[PDB]
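Number of protein chains: 2
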Amino acid sequence: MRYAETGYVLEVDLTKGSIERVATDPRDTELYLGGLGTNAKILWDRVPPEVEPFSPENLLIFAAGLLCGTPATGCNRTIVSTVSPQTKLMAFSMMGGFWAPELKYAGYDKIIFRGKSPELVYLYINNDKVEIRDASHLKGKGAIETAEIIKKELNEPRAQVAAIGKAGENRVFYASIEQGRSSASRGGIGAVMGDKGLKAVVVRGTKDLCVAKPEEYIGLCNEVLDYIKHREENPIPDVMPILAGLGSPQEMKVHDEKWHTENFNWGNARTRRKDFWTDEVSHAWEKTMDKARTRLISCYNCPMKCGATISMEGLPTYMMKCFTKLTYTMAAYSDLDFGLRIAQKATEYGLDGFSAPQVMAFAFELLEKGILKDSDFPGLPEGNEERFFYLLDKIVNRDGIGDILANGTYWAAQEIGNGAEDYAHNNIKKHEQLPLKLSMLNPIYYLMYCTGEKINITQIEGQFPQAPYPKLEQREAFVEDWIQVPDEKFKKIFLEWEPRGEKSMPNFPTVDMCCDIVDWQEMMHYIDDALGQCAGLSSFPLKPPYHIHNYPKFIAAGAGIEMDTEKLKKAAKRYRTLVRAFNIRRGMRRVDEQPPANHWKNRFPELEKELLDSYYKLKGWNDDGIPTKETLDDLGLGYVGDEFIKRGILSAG
Amino acid sequence: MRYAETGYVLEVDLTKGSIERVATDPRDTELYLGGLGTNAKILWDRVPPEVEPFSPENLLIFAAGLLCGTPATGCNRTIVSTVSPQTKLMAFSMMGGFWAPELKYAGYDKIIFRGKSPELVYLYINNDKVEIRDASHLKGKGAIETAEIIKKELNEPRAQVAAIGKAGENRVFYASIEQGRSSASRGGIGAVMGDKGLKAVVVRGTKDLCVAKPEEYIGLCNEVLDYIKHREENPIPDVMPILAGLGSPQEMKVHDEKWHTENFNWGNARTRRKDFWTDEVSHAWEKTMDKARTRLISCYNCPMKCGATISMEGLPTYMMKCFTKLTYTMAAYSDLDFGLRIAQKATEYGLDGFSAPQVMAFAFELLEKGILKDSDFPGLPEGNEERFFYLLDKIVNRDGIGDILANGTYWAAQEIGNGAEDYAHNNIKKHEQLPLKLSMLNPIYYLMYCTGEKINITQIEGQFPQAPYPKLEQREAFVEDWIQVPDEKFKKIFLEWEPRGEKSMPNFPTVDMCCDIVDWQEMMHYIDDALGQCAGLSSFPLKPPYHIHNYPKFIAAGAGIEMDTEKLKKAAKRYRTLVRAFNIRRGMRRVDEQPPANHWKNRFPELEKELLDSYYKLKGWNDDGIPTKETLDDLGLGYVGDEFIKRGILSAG
Ligand SMILES: CC(C)(COP(=O)(O)OP(=O)(O)OC[C@H]1O[C@@H](n2cnc3c(N)ncnc32)[C@H](O)[C@@H]1OP(=O)(O)O)[C@@H](O)C(=O)NCCC(=O)NCCSC(=O)c1ccccc1
Ligand SMILES: CC(C)(COP(=O)(O)OP(=O)(O)OC[C@H]1O[C@@H](n2cnc3c(N)ncnc32)[C@H](O)[C@@H]1OP(=O)(O)O)[C@@H](O)C(=O)NCCC(=O)NCCSC(=O)c1ccccc1
Ligand SMILES: Nc1nc2c(c(=O)[nH]1)N[C@H]1C(S)=C(S)[C@@H](COP(=O)(O)O)O[C@H]1N2
Ligand SMILES: Nc1nc2c(c(=O)[nH]1)N[C@H]1C(S)=C(S)[C@@H](COP(=O)(O)O)O[C@H]1N2
Ligand SMILES: Nc1nc2c(c(=O)[nH]1)N[C@H]1C(S)=C(S)[C@@H](COP(=O)(O)O)O[C@H]1N2
Ligand SMILES: Nc1nc2c(c(=O)[nH]1)N[C@H]1C(S)=C(S)[C@@H](COP(=O)(O)O)O[C@H]1N2
Ligand code: SF4
Ligand code: SF4
Ligand SMILES: [Mg+2]
Ligand SMILES: [Mg+2]
Ligand SMILES: [W+6]
Ligand SMILES: [W+6]
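Sequence order for the protein chains is B and C.
For what it's worth, PDB author numbering labels the leading residue of the first sequence as 1, then goes sequentially.
For what it's worth, PDB author numbering labels the leading residue of the second sequence as 1, then goes sequentially.
Have a look at this one:
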């Protein structure tokens, strides 16, 4: 029998209203583990490149990680996968909370949606009971608001609900899916969900979930908890607060945001304010945050409590975590009070807290320059704050100028013209990046910006420190108990690495060292997004409780399959290449893999070419970014190599 | 991980030439075991009643039993299922030999064909490699002949081949599938295969097949091999050799056919020859058999060697077992030399050995009577023997009157008319029966002739004795060591049974007694056809090694699921009802459940009514043969009851 996984999925046709439970192939588990990996397998051989994002044949997959529903601490992530309406590439999005584990308790590993529903509806799951309900009375309702009404309707107080706001219903290219203190935020997956007339997905589960090696599996679980205690008694020395400990960026706990407000760019990723964090500002923000934060809350089976309930006066309560705390504030040249109030509106609407702020600031720059006229913004209010609330409503409704801005900075500038493309200066593969315009070229981050399939920098980094220690004693101390490294050489790299001089960036670490680092950091994220493990306890923070050495044990004891360190490394490489192959088939080439032209002020073309060339070699790809026939056959992806040749993507010989 | 079964099937669309391996649902195994069981499930919810047998939507399935490819002695049966072109009902047909086990070693449980290939093809399976080959150079070739050329083409001497003959290609309604010394013979499965344009299925396998509890399973295997040694040293006293030991009827060993020739109707189930077995006949048949029989051969993993390679002077070699040894002979009022000769042609042509002889025999009665003219048989030889060879050619080619006769006796008489219906007197549901026209009504066999879904009396009988003993001492001796009975009450039945007196047929055994006997006998067959076990070691002979008490142990140790006598009983009841439900949906009713009008000289209309009334009650059926909503709900077949009501077959309460 199957373990960790349930071995079953739901196939839903929203056009015919048909529902079907189908057993999964156990071979898929051995090759692609689960979550993102198996999502990639499904999208590959069911979604050909001729399928458009808002086409009925486009798929919307809700996947619970392999180890979700087990006692594994923090393992609770949902992986939503589809074809992005913004980037035209694959879009996988992660969501925390309690939804994924509930699905497992209901008896399912995934839910795959195809076609479209003519009427607004939501899916109701209660163990073996599955049905489609009408949701017309929920039209326009906010994401969180929607969940509460449903749980009253069905009389299921303990059901978990993933819903879309008005933004998703109106197919905003950066619309999200909201569930309590969790969000599948990026990729426009909310736009696809709305396009299919799917207002929400409600699931309740009370079945058992089994593991293969009970005693052994709980042993590793306790080993993690013990490490979390010890780790939280020994934070990383001389790092900032929101990087010393475990979990997601603890921005709800720490009031200090000097690193953020003085190193990140305000507005449309435009302005840098070196001396913003004054005493008056630090006190005003701490007061606002103490009054707004009700409680620090956690996800399922996790003690880190990264999120927080936010209560602004005269506004409904919503939940928040990580960097969305500042994006609306910094993009509007305002304060933390404004940011918390508009984030409430945006979370209910279901918008990406990264792109949305940059799109609105992008619009005001165009209005400032004169590329957009005041006639495009009728009835526009005077205040800077009021203008953001104004433009926010225009976007979610796709009203007038809001209809164009609802497509993202790339497509909006494309349609606007008149030099609007010049102000879309912060995109990679048509996707907005973090507002960061640094001085000196970073050889490690350059690679992560160019090749990251998530196209987000915060979701590929983690395991290697972002900066070197000034003193050698500090490095020797760090590498002392750095048991998470796959190889001793990662310790030796950090020892030699210095902030200034003959061993500083961009010329050090070397090109070969950078490639190895990027490959390791990326590998841990892909393992996380297949197992369902929150990165906060794994691939994100320094020296995590989960790593390349005990992960194989969790899989073996949990799922009952043969798994070791090397076999796991190869597995992660397998469906990370498959994801790559999916984007190749959709027209992605080396040309698309370049950072923004103004991302760094000091550029080194010859070093950057050597970096991307060497990294491709390590991955086993072409000098155009395409996985060769040799590496594909070696990975067990022969059917990919055949289709590449047949499609002319790869040449025979 | 799955056990005994491989857990995969092959989905092949012949019209599109697509090949696909699909993991199965382990719940189907729990409810329907496998083989014939799971095949019924597949046909039920994929082949609705509006589908024609020669429609491309009709399915042809090759299933290997649950315990095929395991060390279990005699377990190697293939189960072919489809919708019969002759009866318009469900058709399942069993084939022995070496084919099923081979499929298991390749890594598959079933092959499921849909659609029609426009050109003659065959499927080549070698482990993970599966491809469709052009087979136009094989057109017209015989089943066995086709096999040898194919194996040489592929350089695969250890490959197993199931093939159709010309008869299958020309969609003769009783065309068969031949696999060396084994054949799927009845129902017209060869017709559907030819109709789809499938000449053969070649399979080679070299993969491991695992069992769950090794030590316990091989222990069970050793228990059977012991019982076989002891059974062969103790044949059932006062029973003729062919039916006094294990295996299929050993007619290839025993020359003595006094019982058959003097009790079975020669010709068109017409002539009883009470004193046919003379000294001169016996010596002649003995001489022919001794010179013809090259060697007694077995199936995979069995020591009984029921088969015999037959070599007639001037003819190629073929394999034969059981009763075809007499059918062609008796139908033509000929001898054994002719029988063995023509049966070589018939086997290579791919024809059923029960119907062909009766069909040809039926035609000559119509010619003798006047309904058919010499004009219908142009080029008709003068000799009896030469006429049968002539009409055999006409049928396989569907040439002239061979087109009409190729549809069977039921439809032939329907189309011929002019009173030809009267000579189609040996039918049940448009399916030719054994040439048996006894004197006194047998209550036990009456119920079997009416309800058996195979519609063939020899594939439902077995566990209970066909006749009583003259002496009580004989009865007491037999029931002393009769461990295979499901209850003690069977022992008491046999003891009371007498050939003459108050305790003789038709009045004894009683109606309730007769029902319990038919139920037991039928149940054992369905377990065999699901597991893949040969009836010659189970449901066919008296006191077999496999039985209702040790069968659960095999299923548990073999497949690794829970099982016991009562669960197994109900499990067999579940998919016997399912098969019953499939034919009810195709229009079958009580009216169709009647033996030939002249099957018994002495009839008892009132007893016959009570007999069937009672049997329907034990089954849990209506007074019209249809399974009640209750028993369907009780068997976990709730989906069936719903559709029945929806279709109006069952009144809503
Ligand atoms: C200190 C760094 C490492 C880089 O900041 P800086 O120190 O400012 O580095 P700079 O490149 O600006 O150069 C500084 C000055 O020194 C100069 N100079 C430089 N090198 C050299 C040299 N070798 N030799 C000599 N001089 C050198 C250089 O010319 C410049 O001087 P000028 O003004 O031009 O005259 C850190 O702040 C960082 O974030 N980096 C990681 C990358 C990243 O973005 N990761 C975060 C992803 S988001 C995330 O994780 C998150 C988001 C939300 C929520 C949660 C999480
Ligand atoms: C002896 C029987 C039991 C029946 O044969 P018989 O003895 O002839 O039984 P009858 O019914 O013909 O009557 C005889 C005479 O006695 C008379 N009479 C009868 N009852 C009574 C009474 N109670 N009281 C008084 N008198 C009674 C009756 O009137 C008649 O006298 P008349 O001439 O009319 O004046 C046996 O031969 C048999 O095969 N039966 C099993 C059923 C079957 O067909 N199974 C095989 C399936 S194929 C197979 O397995 C296989 C095929 C190929 C390869 C391998 C396998
Ligand atoms: N497995 C996994 N966990 C992850 C992440 C991820 O990308 N993969 N992202 C982290 C970051 S940067 C944030 S801001 C939060 C957001 O969690 P959410 O998806 O529930 O909103 O998740 C964290 N946990
Ligand atoms: N509306 C909204 N957008 C959001 C967030 C959020 O909490 N709400 N979280 C941000 C954070 S912290 C992260 S790490 C990314 C997570 O990426 P993903 O949700 O696409 O996997 O989304 C960002 N966008
Ligand atoms: N499981 C099972 N085994 C069975 C049978 C059957 O119907 N089911 N038929 C028996 C009989 S009567 C005969 S004659 C032989 C025929 O073997 P064949 O189908 O390979 O020609 O199978 C024997 N074994
Ligand atoms: N061509 C051919 N027809 C045959 C046979 C055979 O061996 N070859 N077996 C006969 C016997 S003895 C029996 S019991 C049935 C078996 O039925 P089935 O093979 O359709 O399951 O087929 C009959 N027809
Ligand atoms: S580390 Fe934070 S975001 Fe991750 S599971 Fe724990 S509480 Fe949730
Ligand atoms: S008993 Fe006879 S027919 Fe059955 S498997 Fe053994 S040899 Fe073959
Ligand atoms: Mg998220
Ligand atoms: Mg057969
Ligand atoms: W983040
Ligand atoms: W037989």
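Just so it is clear, CB atoms sit at the ideal spot from N, CA and C, and this is done for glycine as well.
Residue i CB to nearest heavy atom of ligand 1 below 7 Å
i                 : result
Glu461 of chain B : yes
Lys601 of chain B : yes
Contacting residues, own chain, Cβ-Cβ under 8 Å from residue i (five flanking each side not counted)
i                 : result
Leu326 of chain B : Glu251, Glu257, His260, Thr261, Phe264, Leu336 and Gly339
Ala200 of chain C : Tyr122, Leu123, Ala135, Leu138, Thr146, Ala147, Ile150, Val161, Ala162, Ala163 and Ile164
Rounded Cβ spacing between residue i and residue j (contact assumed at less than 8 Å)
i                 : j                 : result
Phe554 of chain B : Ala72 of chain B  : 6 Å
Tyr32 of chain C  : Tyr108 of chain C : Not a contact, Cβ separation roughly 17 Å.
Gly205 of chain B : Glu102 of chain B : 5 Å
Ligand 7 heavy atom lying under 7 Å from the CB of residue i
i                 : result
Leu537 of chain B : yes
Ligand 9 heavy atom lying under 7 Å from the CB of residue i
i                 : result
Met193 of chain B : no
Cβ-based neighbour list, residue i, same chain, cut-off 6 Å, excluding 5 preceding and 5 following
i                 : result
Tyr227 of chain C : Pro545
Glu522 of chain C : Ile460
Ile517 of chain B : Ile444 and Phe464
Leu632 of chain B : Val640 and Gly641
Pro381 of chain B : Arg387 and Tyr390
Close Cβ partners of residue i (< 7 Å) along its chain, the five nearest in sequence each way excluded
i                 : result
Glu498 of chain B : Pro468 and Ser504
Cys450 of chain B : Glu593, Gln594, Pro595 and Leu612
Check: residue i C-beta below 7 Å from any heavy atom of ligand 12
i                 : result
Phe377 of chain C : no
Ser55 of chain C  : no
Three-way DSSP call (helix, strand, coil) for residue i in this model
i                 : result
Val51 of chain B  : coil
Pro627 of chain B : strand
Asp275 of chain C : coil
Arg27 of chain C  : helix
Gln250 of chain B : coil
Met563 of chain C : coil
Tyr318 of chain B : strand
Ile527 of chain B : helix
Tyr3 of chain C   : coil
beta-carbon residue i near ligand 10 non-hydrogen atom, thresh 7 Å
i                : result
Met94 of chain C : yes
beta-carbon residue i near ligand 11 non-hydrogen atom, thresh 7 Å
i                 : result
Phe323 of chain B : yes
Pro249 of chain B : yes
Ligand 3 heavy atom lying under 7 Å from the CB of residue i
i                 : result
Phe98 of chain B  : no
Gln533 of chain C : no
heavy atom of ligand 6 below 7 Å from residue i C-beta
i                 : result
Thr458 of chain C : yes
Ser185 of chain C : yes
Ligand 2 heavy atom lying under 7 Å from the CB of residue i
i                 : result
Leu607 of chain C : no
Residue i Cβ short of 7 Å to ligand 5 heavy atom set
i                 : result
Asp529 of chain C : yes
Against chain B: residues of the region 434 to 465 of chain C by CB proximity under 8 Å: Under the 8 Å Cβ criterion, the region 434 to 465 of chain C contributes no residue.
Pull out every residue of the region 136 to 156 of chain B whose Cβ sits closer than 7 Å to any Cβ of chain C, in chain order. For the region 136 to 156 of chain B, which is checked against every Cβ of chain C, not one residue is closer than 7 Å.
When Cβ atoms are compared, which residues of the region 206 to 224 of chain B fall closer than 9 Å to chain C? none
Using Cβ-Cβ distances below 9 Å, what residues of the region 18 to 48 of chain B are close to chain C? So the list reads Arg21, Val22, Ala23, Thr24, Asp25, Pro26, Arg27 and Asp28, given in the order they occur along the chain.
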